[PDB]
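There is one chain below, alone, in structure tokens, taken in the form deposited in one PDB entry.
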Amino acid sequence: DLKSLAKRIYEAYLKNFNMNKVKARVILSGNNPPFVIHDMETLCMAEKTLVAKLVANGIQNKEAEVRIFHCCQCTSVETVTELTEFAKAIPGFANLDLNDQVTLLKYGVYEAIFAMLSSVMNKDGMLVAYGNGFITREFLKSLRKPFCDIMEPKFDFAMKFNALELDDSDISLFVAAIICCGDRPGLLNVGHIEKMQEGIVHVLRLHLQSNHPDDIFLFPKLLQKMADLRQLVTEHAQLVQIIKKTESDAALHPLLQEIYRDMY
């Protein structure tokens, strides 16, 4: 029945995220292949195909950094939506207080985002636009400050995360564990969430034992990546606040505004 819990989480994962690791690595290996975005010329081409209403609105008059930022925001909104439904399908979660649900998701969504973002990254770039764009690490490094600092720390995390060779069945449990975290600020009923977390991590521990018998400390490694992600998000939010207050035209979508409000 612990395999029940694992298979349920995994199936809710396969069902709620449009992009999964199996699908992503196919696209990242080589009908409707991804348009490679590596300079301004290819960015403009890709935009004319994938966001024609925006181009018609004149977005290509804006700095490339602003369009990339708003592309990033749009993807974050979509993934928050998917993560919210995934969480809703985690055994015990929807039994939690409605206030604590919002708290767990508020603090957890970006840790889960950057964990799953590794699935669509390789050492040269990341998939965007539902698999129909591949924007290169170097083009993103090439942007003006502060925008060139957005993505490279996520690439750094992802290269070491992907070195662990986790599959979607591992990742789904990792993300569940990320979300069911008993030490978030603001939690009403911490004891239930800890009992929920304990149950998820126990399943994760058993699953890694079965699925990766060759990596002796993989479970402790993953706990450390959880700490690494929380520090990554803290730093990300500070760079995002710098851009919000400093960069005109880089306004914050309201769903994301509310996530960052009173976070760190």
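Shifts are known only where both forms have a C-alpha. Throughout, rigid core stands for the largest set of C-alpha atoms superposing within 1.5 Å between the two forms. All residue numbers are counted from 1 along the displayed sequence.
Here the subject shifts to the form deposited with a partner chain bound, a form of this protein not shown in this document.
*Asks:* With the partner absent here, would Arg25, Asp124 and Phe139 each sit within 4.5 Å of the partner chain in the bound PDB entry, counting heavy atoms only?
*Replies:* No, the whole trio is out of contact, none within 4.5 Å by any heavy atom.
*Asks:* According to a 4.5 angstroms non-hydrogen atom cut-off, is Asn162 in contact with the partner chain in the bound PDB entry?
*Replies:* Result no; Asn162 lies far from the partner chain in the bound PDB entry.
*Asks:* Would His192 count as touching the partner chain in the bound PDB entry under a 4.5 Å heavy atom rule?
*Replies:* Judged by the heavy-atom cut-off of 4.5 Å, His192 is well away from the partner chain in the bound PDB entry.
*Asks:* Look up in the bound PDB entry whether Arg184 has a non-hydrogen atom within 4.5 angstroms of the partner chain, and give yes or no.
*Replies:* Flag for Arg184 set to no.
*Asks:* Residue-level contact is defined here as any heavy atom of the residue lying within 4.5 Å of the partner chain in the bound PDB entry; does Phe147 satisfy this criterion?
*Replies:* Answer no; every heavy atom of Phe147 is more than 4.5 Å from the partner chain in the bound PDB entry.
*Asks:* Could you list, in sequence order, the stretches of three or more consecutive residues moving 2 angstroms or more at Cα between the shown form and the other one on a rigid core superposition?
*Replies:* 1-3 is the lone stretch that moves between the shown form and the other one.
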